[PDB]
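Novice: Have a look at this one before I ask anything.
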Amino acid sequence: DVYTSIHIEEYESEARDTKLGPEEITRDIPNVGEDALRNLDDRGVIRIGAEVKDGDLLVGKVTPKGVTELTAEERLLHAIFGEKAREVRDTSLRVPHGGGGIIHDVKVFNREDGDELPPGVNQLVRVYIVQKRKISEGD
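With the entry's author numbering as the guide, the letters of the sequence shown map in order to residues 3 to 141.
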């Protein structure tokens with residue numbers, strides 16, 4: 003007996019071409035939790051019906067970096083790890099703590115399907131989160 007509906011969130015995420023000469027979209031989220039990738043598939047995207055939490059981008063977007071861009075720490079790290087490691091930038095989407103809702107729907111467009119895209123973009127994917135709210139019980 004209340005006048006209120008459910009809200010609908012809309013997130014954006016497109017693979018922007020880097021100035022270092024990109025080739026394809028990849029997923030590289032270092033220092034990430036296992037829970038954030040507990041639903042993520044081999045494609046690098048979270049499946050539908052999965053909740054949302056802080057630090058969970060729910061999307062794998064990272065472009066290649068340059069050579070000089072590296073830091074002195076990476077130079078010495080060579081002897082630490084024994085072998086150089088590819089370095090990229092985190093261009094994925096940022097997700098707030100809690101999220102408010104849950105991943106119930108997700109739209110993803112691919113050029114291979116025949117969908118035209120703007121200049122500088124390689125892919126397009128949006129997330130849909132439904133806000134859930136319930137009255138207060140106990141008082």
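From the three backbone atoms N, C-alpha and C, an ideal C-beta is built for every residue, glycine too.
Output the boundary residues of the alpha helix (DSSP H) element that contains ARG77.
Specialist: What you label residue 77 is simply residue 75 of the sequence shown in a count that begins at 1. 74-83 is the span of the alpha helix (DSSP H), which, as asked, contains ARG77.
Novice: Compare the Cα-Cα distances from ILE50 to each of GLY101, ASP107, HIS9, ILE137 and report the closest residue.
Specialist: Locating residue 50 in the sequence shown gives position 48, where the first residue counts as 1. Here the closest residue by C-alpha is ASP107.
Novice: Note down, one range per segment and in chain order, each beta strand (DSSP E) of at least 3 residues found wholly within the region 21-109.
Specialist: Within the region 21-109, the complete beta strand (DSSP E) runs of at least 3 residues are 64-66, 90-92.
Novice: Would you mind sorting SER15 into buried or exposed? The rule is 16 or more other CB atoms within 10 Å of its CB.
Specialist: Translated into positions along the sequence shown, residue 15 becomes position 13. It is buried - the Cβ of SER15 has at least 16 other Cβ atoms within 10 Å.
Novice: For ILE27 and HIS9, I'd like the C-alpha separation in whole angstroms.
Specialist: By one-based count along the sequence shown, residue 27 stands at place 25. By one-based count along the sequence shown, residue 9 stands at place 7. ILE27 and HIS9: Cα-Cα distance of roughly 31 Å.
Novice: My guess is that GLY102 and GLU11 are in contact by the Cβ rule of under 8 Å, so how many angstroms apart are they, rounded?
Specialist: For the purposes of this step, residue 102 is identified with residue 100 of the sequence shown, where counting begins at 1. For the purposes of this step, residue 11 is identified with residue 9 of the sequence shown, where counting begins at 1. So it is a contact: roughly 7 Å between Cβ atoms.
Novice: Quick check: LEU22 and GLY62, are their CB atoms within less than 8 Å of each other?
Specialist: Working through the sequence shown from its first residue, we reach residue 22 at position 20. Working through the sequence shown from its first residue, we reach residue 62 at position 60. It is not a contact, given that the beta carbons lie outside the stated cut-off.
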